[PDB]
Participant: 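Let me give you the structure first, and then I'll get to my questions.
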Number of protein chains: 2
Amino acid sequence: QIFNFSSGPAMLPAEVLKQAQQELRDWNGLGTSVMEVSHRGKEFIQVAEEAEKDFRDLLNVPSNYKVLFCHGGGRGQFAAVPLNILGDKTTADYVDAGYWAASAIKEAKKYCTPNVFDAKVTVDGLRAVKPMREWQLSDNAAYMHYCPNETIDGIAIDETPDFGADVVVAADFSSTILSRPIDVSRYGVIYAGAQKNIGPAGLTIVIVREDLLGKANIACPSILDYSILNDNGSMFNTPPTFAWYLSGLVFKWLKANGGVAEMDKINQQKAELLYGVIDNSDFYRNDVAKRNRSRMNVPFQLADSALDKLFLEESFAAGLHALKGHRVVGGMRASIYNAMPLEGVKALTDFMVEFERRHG
Amino acid sequence: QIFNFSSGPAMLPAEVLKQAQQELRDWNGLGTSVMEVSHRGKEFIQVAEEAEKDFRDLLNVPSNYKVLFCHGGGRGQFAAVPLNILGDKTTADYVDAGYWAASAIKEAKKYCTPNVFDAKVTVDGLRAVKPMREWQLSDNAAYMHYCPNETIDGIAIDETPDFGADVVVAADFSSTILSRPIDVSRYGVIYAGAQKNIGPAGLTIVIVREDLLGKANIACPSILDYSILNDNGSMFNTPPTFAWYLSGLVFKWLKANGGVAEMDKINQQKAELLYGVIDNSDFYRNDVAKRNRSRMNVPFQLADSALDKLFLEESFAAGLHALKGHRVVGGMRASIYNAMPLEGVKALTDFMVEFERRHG
């Protein structure tokens, strides 16, 4: 009855929350919560090992990659990436195609001189991104950073990186990881805040290629040092245990429902249904090129913005929450992450048609 | 029936967990969990403002102090303190009286050359700490750092700092904050990982004197920068929302039960009961000077270590969990935090007498 379209923190699988709620005070017949046990006890160590295993199976992460669970969120990584894989070099390439990509560039300036490449273009009045083959990388860059999914702009770069063996790719997968199959071997570093497709806020997952370890700056706090996290099994210090446990339930939920392949198909239908309604309407509009349309974050605008308030009041009353767009861009936005069922996207589109019919 | 003596993550107030469980899937009649709503939505912003307010009331934090909620845990602050309040100076005084105090010194070496002061002394064969009047601070130091409660050693420095107005005191209150009343105005920085007395793991609370802001190192990751956190109301990036909400329930639980003054009184009864049993027995022994005995972490050894395993087997069977001491020190350890009721400490002591009477 209630469908939550929050952009992050976002909706978690209903099934997962039922289990967490039921075991909140007595987990594993221990008579205590997962939140009350030591992270060094065998009970939690097993939960942490299962979670990493399930995640590796879900995305087919090769053996030469380390999977780390840490504090800091996505913005913590804006600093952790340069602090870890910059080495003795003083420049890195940063591709800008949205808010998050730009925010990463801002943080990077504290550690190096980033060579920025603006990939934004407007083709046919629609917002698109230049193909990777046109991206200009520099000769002595330590790595190249980009964001494949911009939550505010509703822009996605699905293209698989294919640069030389000489190029290290770092990417912010916070709002799109686990939504479709990806080739991890093409990347050097993949990071993602958990609060959108993985679990609750407070945990971050990082996938690092082995050979990139060992060259962290001495100024890097130990909690953000990939080498230290790796050496200690992401347990250098007390990790966010409840968040790690919930993320583990989500991975099991994904596996039980067909993995990333099935998730990809359902996400395709969800997106097609929504963009179809928007495109066929004179009342709603999305200005992103088809090739770069995000299936996770769908921003749109009403032809008559004077109806914004009424759209939000009625939508909320119909049980459709968090449809207001980001503070910086205005308009509306429906975030339809993995946890969001097709029936939820259908309830939204049904309301959109009815609203256009009554006030359009 | 089951009492959890885990040192951190630790037991949370039973009443707090009952509430969190009931509202896990439908918080505030929103039809969603606290974990699924935006941190920028009016609802969560209110939870965050009350948590801060309640905390300020509990410890009587003056207006010239900022209360920040951040990622990283206690070990994240071992780096954050130097990165934030070192300024132009290249040295800081560090008082060493236990494991945590020493760990802080190790991290501080990445940012400055710390002047270490060993405050450990053995008086009458019992482990004690030198009075603060005997601590040797340096002229050139940016600040002085110490840890008032060592969880592994069971050592506590309750003495109130009273150095010049030109000495900035930074302290690690992770395992003792909210257990007794303190004079916040005597400190420059007070930090504490939440997993011991405040809430679940994944959240850290920092109390900073305002004039200490504005001089962070440029290498400090923005998520650890006190100025940035302050400017953005601890919401520069997505915070660990569930942990912040649970911490808020804990503060309300404390207020409902008499605040820090009542908590101090119950903690006195708990510690006296336990240390009394240990001191009156030849079978159990604690080697810490009375003046430095922690009321939160009570480590003890059996006279016959060959009974260690049987002590743990039987104690666990009697519903007394996590009594094993830290790997580094061996022996046993009962962590009796705010959430631990007197009845829980009584159940333990009853078992200890019965075990000695049966195998002693």
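Per chain, numbering begins at 1; letters A, B, ... match sequence-line order.
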Participant: Please walk me through it: do B:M35 and A:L12 pass side chain to side chain contact (heavy atoms under 4.5 Å, CB included)?
Facilitator: CA-CA 8 Å; B:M35 287 181 264; A:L12 286 150; 4.0 Å; yes

Participant: Looking only at heavy atoms and a cut-off of under 4.5 Å, which of B:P221, B:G202, B:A201 has the most pairs with chain A?
Facilitator: B:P221

Participant: Given A:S222 and B:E107, is the side chain to side chain contact (heavy atoms under 4.5 Å, CB included) satisfied, shown in steps?
Facilitator: CA-CA 8 Å; A:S222 296; B:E107 186 81 359; 2.7 Å; yes

Participant: Do other residues, nucleotides or ligands put more than 12 heavy atoms under 6.0 Å from A:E313 CD?
Facilitator: yes

Participant: Need one label for A:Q22: side chain, backbone, both or neither, based on atoms under 4.5 Å from any heavy atom in chain B.
Facilitator: backbone

Participant: Which pair of heavy atoms, one from A:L24 and one from B:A20, lies closest together, and at what distance?
Facilitator: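 So the minimum-distance heavy-atom pair works out to CD2-C, 3.8 Å.
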
Participant: Using 0.5 Å steps for rounding, measure from the CD1 atom of B:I2 to the CG atom of A:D26.
Facilitator: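 Going from CD1 on B:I2 over to CG on A:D26, the span is 6.5 Å.
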
Participant: Report which part of A:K324 has an atom under 4.5 Å of a heavy atom belonging to chain B: side chain, backbone, both, or neither.
Facilitator: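 Neither part.
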
Participant: Of the backbone (N, CA, C, O) and the side chain (C-beta and beyond), which part of B:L83 lies under 4.5 Å from a heavy atom of chain A, both, or neither?
Facilitator: side chain

Participant: Might you point out which heavy atoms bring A:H39 and B:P9 nearest each other, and give the distance in Å?
Facilitator: CD2-CD, 3.6 Å

Participant: Of all the heavy-atom pairs spanning B:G73 and A:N237, show the shortest one and how long it is.
Facilitator: CA-ND2, 4.2 Å

Participant: What's the separation between atom OG in A:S38 and atom NE2 in B:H321, rounded to the nearest 0.5 Å?
Facilitator: 14.0 Å

Participant: Rounded to the nearest 0.5 Å, what separation is found between the CZ atom of A:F3 and the OG1 atom of B:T32?
Facilitator: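 Between atom CZ of A:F3 and atom OG1 of B:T32 there are 13.0 Å.
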
Participant: Quick check for you: among A:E23, A:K109, A:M11, which has the greatest number of heavy-atom pairs under 4.5 Å with chain B?
Facilitator: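 Maximum pair count with chain B is reached by A:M11.
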
Participant: Pick one of side chain, backbone, both or neither for B:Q21, based on which atoms fall under 4.5 Å of a heavy atom in chain A.
Facilitator: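 For B:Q21, backbone and side chain are both near chain A.
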
Participant: Kindly give the heavy-atom pair with the smallest separation between B:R75 and A:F236, and that separation in Å.
Facilitator: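 What the structure gives for the nearest pair is NH1-CZ, 3.4 Å.
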
Participant: Given a strict heavy-atom distance threshold of 4.5 Å, which part of A:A219 is in contact with chain B: side chain, backbone, both, or neither?
Facilitator: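 For A:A219, backbone and side chain are both near chain B.
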
Participant: Please assess A:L17 against B:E36 for the test side chain to side chain contact (heavy atoms under 4.5 Å, CB included), listing each intermediate value before the final yes or no.
Facilitator: CA-CA 10 Å; A:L17 277 184; B:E36 304 169 301; 3.5 Å; yes

Participant: If you take all heavy atoms of B:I223 and A:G72, which pair is closest and at what distance?
Facilitator: CD1-CA, 3.6 Å

Participant: Calculate, to the nearest 0.5 Å, the distance between atoms OG and CZ belonging to B:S7 and A:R40 respectively.
Facilitator: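 The distance works out to 10.0 Å.
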
Participant: Under 4.5 Å heavy-atom distance to chain A, tell me which part of B:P239 shows up: side chain, backbone, both or neither.
Facilitator: backbone

Participant: Is it the side chain or the backbone of A:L224 that comes within 4.5 Å of chain B heavy atoms, both, or neither?
Facilitator: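 Side chain only.
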
Participant: In Å and rounded to the nearest 0.5 Å, what is the CG to NZ distance from B:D225 to A:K110?
Facilitator: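 Result: 6.0 Å between the selected atoms.
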
Participant: Using non-hydrogen atoms only, which part of A:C220 is less than 4.5 Å away from chain B: side chain, backbone, both, or neither?
Facilitator: backbone

